[PDB]
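Visitor: This is the structure I have questions about; it appears just below.
Because the Cβ atoms are built from the backbone with ideal geometry, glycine has one as well, and the counts that use them run over all protein chains shown. Please treat every number below as a calculation from the coordinates, not as lab data.
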Amino acid sequence: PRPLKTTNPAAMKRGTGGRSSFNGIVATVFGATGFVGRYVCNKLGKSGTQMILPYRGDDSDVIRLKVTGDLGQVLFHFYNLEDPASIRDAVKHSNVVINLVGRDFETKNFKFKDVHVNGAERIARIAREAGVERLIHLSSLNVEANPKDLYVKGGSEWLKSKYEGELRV
Amino acid sequence: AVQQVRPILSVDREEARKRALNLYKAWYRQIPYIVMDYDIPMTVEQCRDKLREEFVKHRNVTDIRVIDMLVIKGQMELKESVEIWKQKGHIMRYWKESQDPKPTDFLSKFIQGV
Amino acid sequence: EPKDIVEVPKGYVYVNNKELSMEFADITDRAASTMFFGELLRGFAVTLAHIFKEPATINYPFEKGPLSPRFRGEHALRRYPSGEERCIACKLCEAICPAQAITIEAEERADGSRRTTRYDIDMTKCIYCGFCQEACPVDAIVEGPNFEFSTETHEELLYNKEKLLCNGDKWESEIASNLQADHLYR
Amino acid sequence: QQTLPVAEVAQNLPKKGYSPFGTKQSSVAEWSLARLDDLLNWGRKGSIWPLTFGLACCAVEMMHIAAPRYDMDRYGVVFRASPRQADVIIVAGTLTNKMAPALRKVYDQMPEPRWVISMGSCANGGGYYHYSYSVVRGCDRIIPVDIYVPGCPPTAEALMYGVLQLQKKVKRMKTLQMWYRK
Amino acid sequence: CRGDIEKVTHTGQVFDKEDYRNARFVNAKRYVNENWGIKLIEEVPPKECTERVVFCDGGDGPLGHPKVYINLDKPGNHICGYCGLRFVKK
Amino acid sequence: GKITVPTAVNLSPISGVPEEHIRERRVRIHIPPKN
Amino acid sequence: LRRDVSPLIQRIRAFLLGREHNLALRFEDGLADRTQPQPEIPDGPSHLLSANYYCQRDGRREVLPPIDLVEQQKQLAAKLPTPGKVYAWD
Amino acid sequence: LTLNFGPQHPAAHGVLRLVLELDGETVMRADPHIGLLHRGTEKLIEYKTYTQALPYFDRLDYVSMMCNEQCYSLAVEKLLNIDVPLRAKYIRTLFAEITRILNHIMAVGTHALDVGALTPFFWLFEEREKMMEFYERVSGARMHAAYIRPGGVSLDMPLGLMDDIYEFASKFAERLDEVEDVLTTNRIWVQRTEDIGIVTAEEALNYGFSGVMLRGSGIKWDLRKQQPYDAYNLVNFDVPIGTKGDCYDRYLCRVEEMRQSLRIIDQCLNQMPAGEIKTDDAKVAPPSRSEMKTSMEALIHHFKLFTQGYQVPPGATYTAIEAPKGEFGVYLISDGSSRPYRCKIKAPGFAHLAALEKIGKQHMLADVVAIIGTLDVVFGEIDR
Amino acid sequence: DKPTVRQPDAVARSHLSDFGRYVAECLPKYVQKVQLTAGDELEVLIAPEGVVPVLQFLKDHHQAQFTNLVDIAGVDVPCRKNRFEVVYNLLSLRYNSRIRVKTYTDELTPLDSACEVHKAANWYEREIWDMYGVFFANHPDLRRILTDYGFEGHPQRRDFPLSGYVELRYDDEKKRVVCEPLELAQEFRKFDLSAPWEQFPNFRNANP
Amino acid sequence: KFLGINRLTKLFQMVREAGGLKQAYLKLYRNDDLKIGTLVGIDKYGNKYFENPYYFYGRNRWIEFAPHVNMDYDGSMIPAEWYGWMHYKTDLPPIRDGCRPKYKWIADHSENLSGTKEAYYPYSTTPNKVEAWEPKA
Ligand SMILES: NC(=O)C1=CN([C@@H]2O[C@H](COP(=O)(O)OP(=O)(O)OC[C@H]3O[C@@H](n4cnc5c(N)ncnc54)[C@H](OP(=O)(O)O)[C@@H]3O)[C@@H](O)[C@H]2O)C=CC1
Ligand code: SF4
Ligand code: SF4
Ligand code: SF4
Ligand SMILES: [Zn+2]
């Protein structure tokens, strides 16, 4: 018997399943401006899920996601990955946190460890401290503890970073 | 239980079935031009399967004026499909895209509230 | 003076009814207007004379164009001079609202008044027609002078009771002046 | 809200300046990217070219900012017929069910950056045909909208107020600072 | 901390801390009117009258509420149902 | 030029009603109550 | 006074226009006053206190159902006909 | 070459989809696709009362506002057997003529933008903004005034409105002459407007043409004189009649309509009676606010007529007045309740646009652009 | 004197009454009933088999040149056996008059197209077909003129809902404007504006 | 004068009335046209309202906003009492008109706060209607 958290009858599941309905899920899709984020935002908005949607860059890269949900089901929030208080402000009223934060190349501000390892662990521990019921995190298929190079030297840092980030999550 | 009315586009059920077969023949000939001239994900075989499904959906009807009404609306949709007035979104309205399949069992409808 | 092709009656006026002139003076005049662009010269002169005219550009937003005391803008909820809110929850405005933007939910207050618990106007649904202020028995709902209330976000145009009461508090002087200068017309 | 500052209080306040970021950046590269973004936003807000997208009555007021009294041309604003050459699309009218793929295709062929102004109650929220069988309930379900101009036929001062609010949004755009912090 | 979220309105409404609907106020201000009508109508004094029936207009004639007549034979304060002004007979 | 038809027809295919509304909706025929 | 050019540019503009130019923009002295005294609306025909009954002037209740023109001749009987006067539009 | 003059295209009014088949520059076929601005007006009228369905007509043909409100008001008044006062008749006549000039300014500016001369568009839209300021003074909105009501007008005229209308109408004729100095008898405008879209008399009679399309071809039919309405029989004016039936004769007829509307405006400001604005049947018109806040029967009638509409007797009528586009008709059928059972709108632009398939054949592309420029179509009332 | 009551025009009453008896005498096969309504408007109530031969007659006769056809109007009254009625409004410029020709039509039963008589019926008879499903036989092309290309159903029937059955929204997965079942954010508030007291005693027994 | 030489000294006295040449430069850079007018009003917020009937209608009255803000001005800085004066509803300024209420509960004017972190966001104003049952008590 799985118990309910708050039993607020303005917060339970209602409706048939369109945009105007509510399925009792408050999603916080981190990195929702990306490739998987667009499809998961439209799939969440077609069912009636309110999304908080924290964005890091400009508002023009994230303002296209207002057409996925209904009125009031789409929010926006400015955050940095190194800043923990903004993440705690983002996930303080949520029960489902979806983590799509990842980067295929090293950046001058964020390395692989600063995105996949440290950032996902920080998001997971902030969501655990904020009372989030469920967290969804994405990794790679071929993650190993010590993955070997095949063609390029210095490769498979991404797979090791995703495996270490999954272990810290 | 019998009234005398003015026939619309037919005088007998065999003639109405023959004109429905004309409609199906013209739709079947217009399938590969619809797949070619529209930017739709559905292929030729999927379009033919959808055409067969929409015909066997209306298989159940019996009345001459009702089946002639269906033939008239089908020819109007076909004329909207030969001359390209419908869009790629109007063609893909036959396949129920962006719609979650509603369950038929009582337990899933009881959990979801339907 | 060219002759009439069709005889013009008393109650009508005819355009392109003149005969084409065939005397040599009019043919030479039309020929010189064709060859030397005389009518185009008149059009160019009429065009060039409007450069020297005063520009009608009213230089927004330092200088704003004329309005009227009857002007329909942002809906707002007024108050009595004593301070009690005017809206007695009588729901003629929602009954008369043609786009059905107004939603009213009313309960009895602690002292026994009729005043609302919910008064919402969807300004994305409101057509600014002014039927609510005519159908208001007290002068509660009113069309304020404000029209510079463009919003960045769709939900911010869903006006609550507190937003309408804040609009009534903010715009009370101009609304009261317009209602003082306009009540005898209505 | 906030109370607008009294002139006794406001005389002690310093001048705001043109830049919303301020000239108090620490790094010289951050300051250079801030001034480059200020110049880029000045060039973008100095000329936005809206598209001739007039669906219904609201557009009769849209030509009234073309009109000599209000004169949109001294704000960088001039109409362009082709969607490639245009920055802004002004949804001025009633978006219907047959109008939806045309508006979506015209918006998708427009090149990015793309700011959208919803002009009028039919453009945002559906309005006076909100319960109609063949009217889309606002254009926010199809095209992402940055400015929403409220009036049923917006006065032309209010449409130009939406244009100035879009210019303030364009002046507040942070691209190179976000690139430095990405 | 922000004190504009937990502040109650004049309709007795506040979003509690376990509600999901307070996430809409993390980037926008919650608008609560500080001019309540109850205190602003309790602040005015009652009007003393000598005649048995009185009329309340609420202000100016065409700019006030429709005219009502209140009977002041019962002891106590009689409240106008339109404006909320209280009359009393000595 | 007249034909023979039954007087009871079914106009549910030629109308715009979907299957999910024609298969499970109950219609109440009633006199409305006096206030 | 009015905001206008010097008379040289005035005569150049009047020569290029081909007519005597009048100003196309309104001015404050050439317009009506924005503030103005309150009006009184005159009463109509039925605002008299005496001899006004509604049934004598009842517009909605004098509407009858349409007359069957075939049966009107049958119940009243117990130059070709035109639907109107001839208008010459030529 | 199949081609779409789609809704983006500026010669189209923003929702017209002309699917045209072209052999070179000539137009072999032209099928107009409409209903891109269909908003379901007639489905939405039946769920609302009469005074709630009054602002639909402002949005139907939106360059003829007061004419549409006048036509709906005459429909409801003919159903109710209610006679408006003379001051209301003169106010509605003056605002219908102001509306006629506004519509023909929009027609001339749109046709000149489609042909190419973009200067008289702004030259006349300054004048159009001055009349929209007049609408704003009299009602409170620059357009969709909601000012003409069944039973008269909603509000009285403000003081000193005619003291601005007279100065404006005195100044309008020089602007008219300045427009004809650049548009009339310019040879390029003649080459884009002469012998183009020739409509014969039997064409306009059989194809349901009305208004200027009747009077371009030579038919002397003006509905303000044949079937008079709202003090149009107490004013005197001339009717512009064309001969050739091309775009030039229709353009000259429209500018001559703007010229004759000035003398109708002059007569309306010259004679205006001092009296009431609404009919005094308080069960069909809302009472004054002083009577509503003072008397009991006026408060009851204000309450009733602003909750559930006035009971129109059951019956059918079809009124039709002279719109600036043509003949604007309301077929209003009432079942005796507070809501109309049926309100069918005859727009003249629908019947004008229905002959575009025959007129546009064997014409060029700029010919067809000038034809929609001279057809004077507004697709809000066409799509209804 | 009553100045708040509209006075009828007697010269538009006598001429229209004589013409109504004239058109009842000239066409007894099709005309069932002619009636002069309040507001001085003449209605002719024809059989559905006489749509073309009546509207041709009023087009081409010397005593009735109703050469202009302003509008064809469909009214859906679902109580009757033949639910739709079709109203042709004709204007006579020569005699300066108007007539209304009304017929009854069911959705399955076709109607004669007046496109051979008046060419405005090329489009107006499409519009009723787009809004009621009244099939007009021997029409040039009977297409869908006002509603969307993928629209299923006729919207102006009283058995059709006000908000429709479906809505449209942009799907960025399919990259197109897709069709969804209807869910309104705020429902249409149906107001019960019914009069419990009758106000017209002249229309009490107007049904037989 | 016939030629128009006397408008040059009007431009010169515009420059001197602006406060110099640099102040006239920043007045022309900020206010899009240079004008002279009688100072009618000064707000509590620091705006200045000038009127001069020499210009035509629609341009004879202008606001110059408070000098603590540059480039962030908009049309919502005008308060409620001067809104009818700037929009030609009345011809009476609040310094002469006494018809304005000036009540105690009148809130001060605020600009359009949309697009910032302090804008208005709607919410349900009624409390909860259905009260649930708590197994406790
Ligand atoms: N081929 C694939 O797509 C595969 C993906 N995955 C995993 O799936 C997940 C999602 O992938 P996908 O959407 O396709 O990739 P993207 O790179 O396209 O999206 C990543 C998202 O995270 C944001 N982001 C990136 N770096 C940071 C940072 N340092 N701080 C905060 N936000 C940041 C991006 O924002 P912005 O808009 O600024 O770029 C973007 O919204 C990732 O975890 C990835 O490792 C695994 C296997 C295969
Ligand atoms: S009509 Fe006026 S008093 Fe009545 S409910 Fe509406 S706003 Fe309140
Ligand atoms: S102005 Fe009209 S649309 Fe707006 S709230 Fe009032 S009645 Fe409704
Ligand atoms: S919002 Fe109002 S003015 Fe604009 S298109 Fe709709 S009805 Fe017309
Ligand atoms: Zn009181």
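Visitor: May I have the extent of the alpha carbons of chain G along their three principal axes, as whole Å values ordered from largest to smallest?
Guide: 89, 54, 18
Visitor: Report the charge-dipole magnitude of chain G in Debye, nearest 20, computed about the Cα centre from +1 at each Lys and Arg Cβ and -1 at each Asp and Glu Cβ. Walk me through the numbers before you get to the answer.
Guide: Numbers: 13 positive and 12 negative charges, 87 e Å.
For this selection, approximately 420 debye.
Visitor: How much length is gained if the chain between H:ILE198 and H:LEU159 is pulled fully straight, taking 0.36 nm per residue apart and subtracting their Cα-Cα distance, in nm to one decimal?
Guide: Numbers: separation 39, 0.36 × 39 = 14.04 nm, distance 4.76 nm.
Extra length from H:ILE198 to H:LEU159 when fully extended: 9.3 nm.
Visitor: May I ask you to list the residues of region I:1-28 whose amide nitrogen lies under 16 Å from a point 7 Å from Cα along the Cα→beta-carbon direction of G:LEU48?
Guide: Residues I:1-5 fall inside that zone.
Visitor: Note down the nm distance, to one decimal, between modelled labels 7 Å out along Cα→Cβ at B:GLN4 and at A:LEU138.
Guide: 7.2
Visitor: What's the angle, to the nearest 10 degrees (0 to 90), between helix C:161-170's Cα axis and the longest principal axis of chain C?
Guide: Between the helix axis and the principal axis of chain C, the angle is about 70 degrees.
Visitor: Which of H:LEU183, H:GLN226, H:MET258 sits farthest toward the positive end of the charge dipole of region H:101-260, with +1 on the Cβ of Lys and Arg and -1 on the Cβ of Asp and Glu?
Guide: H:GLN226
Visitor: For chain I, restrict the atom set to alpha-carbon positions and state the Rg and Dmax in Å.
Guide: In order Rg, Dmax, the Cα atoms of chain I give 21.3, 73 Å.
Visitor: Something else: Could you list log10 I(q)/I(0) for chain H at q = 0.06, 0.09, 0.11, 0.12 Å⁻¹, which the Debye formula gives when each Cα is one point scatterer?
Guide: -0.24, -0.53, -0.79, -0.93
Visitor: If r is the Cβ-Cβ distance from J:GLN13 to J:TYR103 and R0 is 45 Å, what FRET efficiency results, to the nearest 0.05?
Guide: Values: r = 43 Å, r/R0 = 0.96.
Rounded to the nearest 0.05, the efficiency is 0.55.
Visitor: A further question follows. Of B:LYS96/D:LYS45; J:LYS44/J:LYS89; B:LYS79/I:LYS174; H:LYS89/I:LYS59; A:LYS43/A:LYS92, which ones are farther than 32 Å apart at the Cα?
Guide: Values: B:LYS96/D:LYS45 43 Å; J:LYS44/J:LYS89 21 Å; B:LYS79/I:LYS174 25 Å; H:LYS89/I:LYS59 35 Å; A:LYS43/A:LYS92 23 Å.
From the list (B:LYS96/D:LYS45; J:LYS44/J:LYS89; B:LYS79/I:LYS174; H:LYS89/I:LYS59; A:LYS43/A:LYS92), the Cα-Cα distance tops 32 Å for B:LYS96/D:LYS45; H:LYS89/I:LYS59.
Visitor: Any idea what log10 I(q)/I(0) is at q = 0.15, 0.22, 0.24 Å⁻¹ for region C:130-186, Debye with uniform C-alpha scatterers and no solvent?
Guide: Relative scattering, expressed as log10 I(q)/I(0), comes to -0.50, -0.99, -1.12.
Visitor: Let me ask something else about it. Return the Rg/Rh value of the protein assembly as shown, two decimal places, where both radii are evaluated on C-alpha atoms and Rh is the Kirkwood radius. Before the final figure, lay out each step's value.
Guide: On the way: Rg = 34.7 Å, Rh = 36.1 Å.
Taking Rh as the inverse mean 1/r over Cα pairs, Rg/Rh reads 0.96.
Visitor: Please state, as a whole number in µm²/s, the translational diffusion coefficient that the Stokes-Einstein equation yields for chain C at 25 °C and 0.890 mPa s, with Rh defined as the Kirkwood radius across alpha carbon pairs.
Guide: 111
Visitor: Against the longest principal axis of chain H, how steep is helix H:119-138, in degrees 0 to 90 to the nearest 10, with axes from Cα atoms?
Guide: Approximately 10 degrees, to the nearest 10.
Visitor: Could I ask something else about it? Per residue of I:127-138, count partner chain C-beta atoms within 10 Å of its C-beta, then hand back the mean as an integer. Mind showing how you got there, number by number?
Guide: On the way: counts 5, 1, 2, 2, 5, 0, 7, 0, 6, 0, 4, 0.
Mean partner-chain Cβ count within 10 Å for I:127-138: 3.
Visitor: Turning to a different aspect of this structure: Applying 1/(1 + (r/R0)^6) with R0 = 22 Å to the Cβ-Cβ distance of H:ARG187 and C:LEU48, what FRET efficiency is obtained, to the nearest 0.05?
Guide: Working: r = 19 Å, r/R0 = 0.86.
Plugging the Cβ-Cβ distance into 1/(1 + (r/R0)^6) gives 0.70.
Visitor: On to the next question. Cβ neighbours within 10 Å, averaged per peptide: list F:22-31, I:123-132, A:139-148 in order, most packed at the top. Walk me through the numbers on the way to the answer.
Guide: On the way: F:22-31: 6.4, I:123-132: 23.7, A:139-148: 11.7.
For the peptides F:22-31, I:123-132, A:139-148, the packing ranking is I:123-132, A:139-148, F:22-31.
Visitor: I've got another one for you. Give me the distance in nm between label points sitting 7 Å out from Cα along the Cα-to-Cβ direction at I:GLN32 and I:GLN199, one decimal.
Guide: Taking the simple label geometry, I:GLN32 and I:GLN199 are separated by 3.1 nm.
Visitor: Using the alpha-carbon atoms, what tilt in degrees (0 to 90, nearest 10) does helix H:296-305 show relative to the longest principal axis of chain H?
Guide: 30
Visitor: I need the peptides H:179-185, A:40-46, D:111-117 ranked by packing, meaning the mean over residues of other C-beta atoms within 10 angstrom, with the highest value on top.
Guide: Numbers: H:179-185: 19.4, A:40-46: 21.7, D:111-117: 17.6.
So the order, starting with the most tightly packed, is A:40-46, H:179-185, D:111-117.
Visitor: To continue, here is another question. Please figure out what share of the DSSP beta bridges in the protein assembly as shown is antiparallel and state it in percent, rounded to the nearest 5. Provide the component values of the computation, followed by the final result.
Guide: Details: 94 of 131 bridges.
Around 70 percent of the beta bridges assigned by DSSP in the protein assembly as shown are antiparallel ones.
Visitor: Quick one: which of H:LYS361/I:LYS119; C:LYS53/H:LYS171; C:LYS10/H:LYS225; D:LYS105/H:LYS43; D:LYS174/E:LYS29; E:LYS7/E:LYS39 span more than 20 angstrom between C-alpha atoms? Before the final figure, lay out each step's value.
Guide: Numbers: H:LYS361/I:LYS119 17 Å; C:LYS53/H:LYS171 15 Å; C:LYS10/H:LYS225 13 Å; D:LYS105/H:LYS43 29 Å; D:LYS174/E:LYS29 23 Å; E:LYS7/E:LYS39 16 Å.
The answer is D:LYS105/H:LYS43; D:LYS174/E:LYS29.
Visitor: Please report the net charge: other residues with Cβ closer than 10 Å to the Cβ of G:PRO45, K and R +1, D and E -1.
Guide: With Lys, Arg at +1 and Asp, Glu at -1, the net is -2.
Visitor: Moving on. Is chain B rounded, prolate or oblate when judged by the Cα gyration tensor, a ≥ b ≥ c being the square roots of its eigenvalues, rounded requiring a/c under 1.5 and prolate requiring a/b larger than b/c?
Guide: oblate
Visitor: Calculate, for H:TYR166 and B:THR104, the FRET efficiency according to 1/(1 + (r/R0)^6) with r their C-beta to C-beta distance and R0 56 Å; round to the nearest 0.05. Don't skip to the end; give the middle numbers.
Guide: Values: r = 76 Å, r/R0 = 1.35.
Plugging the Cβ-Cβ distance into 1/(1 + (r/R0)^6) gives 0.15.
Visitor: Sticking with this structure for a sec: Along the charge dipole of region D:109-182, pointing to its positive end and built from +1/-1 on Cβ of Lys, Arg, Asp and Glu, which listed residue (D:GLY125, D:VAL135, D:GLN165) has its Cα farthest out?
Guide: D:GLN165
Visitor: Springs between alpha-carbon pairs under 10 angstrom, Gaussian network model over chain I: which of I:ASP171, I:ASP71, I:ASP159 fluctuates most?
Guide: Judging by the Gaussian network model, the answer is I:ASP171.
Visitor: In whole angstrom, and with the biggest value first, how far do the Cα coordinates of region H:148-255 range along each principal axis?
Guide: If we take the Cα atoms of region H:148-255, the spans are 48, 35, 22 Å.
Visitor: Over chain J, what is the relative contact order in percent, taking alpha-carbon pairs closer than 8 angstrom and at least six residues apart?
Guide: This gives 12 percent for chain J.
Visitor: Ok, one more. State to the nearest 20 debye the size of the charge dipole of the protein assembly as shown about its Cα centre, where the only charges are +1 on K and R beta carbons and -1 on D and E beta carbons. Kindly include the intermediate steps, with their values, before the conclusion.
Guide: Working: 215 positive and 208 negative charges, 727 e Å.
About 3500 debye.
Visitor: In which sequence would H:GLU167, I:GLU43, H:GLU276 go, from the one with the fewest C-beta neighbours within 10 Å to the one with the most?
Guide: Numbers: H:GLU167 16, I:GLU43 19, H:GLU276 22.
By the 10 Å Cβ count, ascending, the order reads H:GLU167, I:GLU43, H:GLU276.
Visitor: Same structure, new question: Magnitude of the Cβ-charge dipole of region I:77-164, K/R +1 and D/E -1, about the Cα centre, nearest 20 debye?
Guide: Working: 13 positive and 12 negative charges, 98 e Å.
Magnitude of the dipole: close to 460 debye.
Visitor: I need the shape label for region J:4-54. Rule: rounded when a/c is under 1.5, else prolate if a/b > b/c, else oblate, with a, b, c from the alpha carbon gyration tensor.
Guide: Details: a/c = 2.42, a/b = 1.47, b/c = 1.65.
Oblate is the answer for region J:4-54, as a/c is 1.5 or above yet b/c matches or exceeds a/b.
Visitor: In whole percent, what relative contact order does chain H give with Cα contacts below 8 Å and a gap of six or more residues? Walk me through the intermediate numbers first.
Guide: On the way: 697 pairs, mean separation 101.4, N = 384.
Across chain H, relative contact order equals 26 percent.
Visitor: Another question, if that's okay. Over the whole of H:182-190, what's the average partner chain Cβ count within 10 Å per residue? Rounded to a whole number, please.
Guide: Mean shielding count: 3.
Visitor: Also: With unit charges on the beta carbons (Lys and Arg positive, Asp and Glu negative) and the dipole taken about the Cα centre of region D:1-149, which residue among D:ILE147, D:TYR18, D:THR96 sits farthest to the positive side?
Guide: Farthest towards the positive pole: D:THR96.
Visitor: Kindly write out, for region C:103-109 in residue order, the coupling ³J(HN,Hα) from the Karplus curve 6.51 cos²θ - 1.76 cosθ + 1.60 (θ = phi - 60°), rounded to whole Hz, with x marking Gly and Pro.
Guide: Calculated HN-Hα couplings, in order: 10, 10, 10, 10, 9, 6, 7 Hz.
Visitor: Take G:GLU20 and J:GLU118, extend 7 Å from each Cα along the Cα→Cβ direction, and tell me the distance between the two endpoints in nm.
Guide: Taking the simple label geometry, G:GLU20 and J:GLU118 are separated by 6.0 nm.
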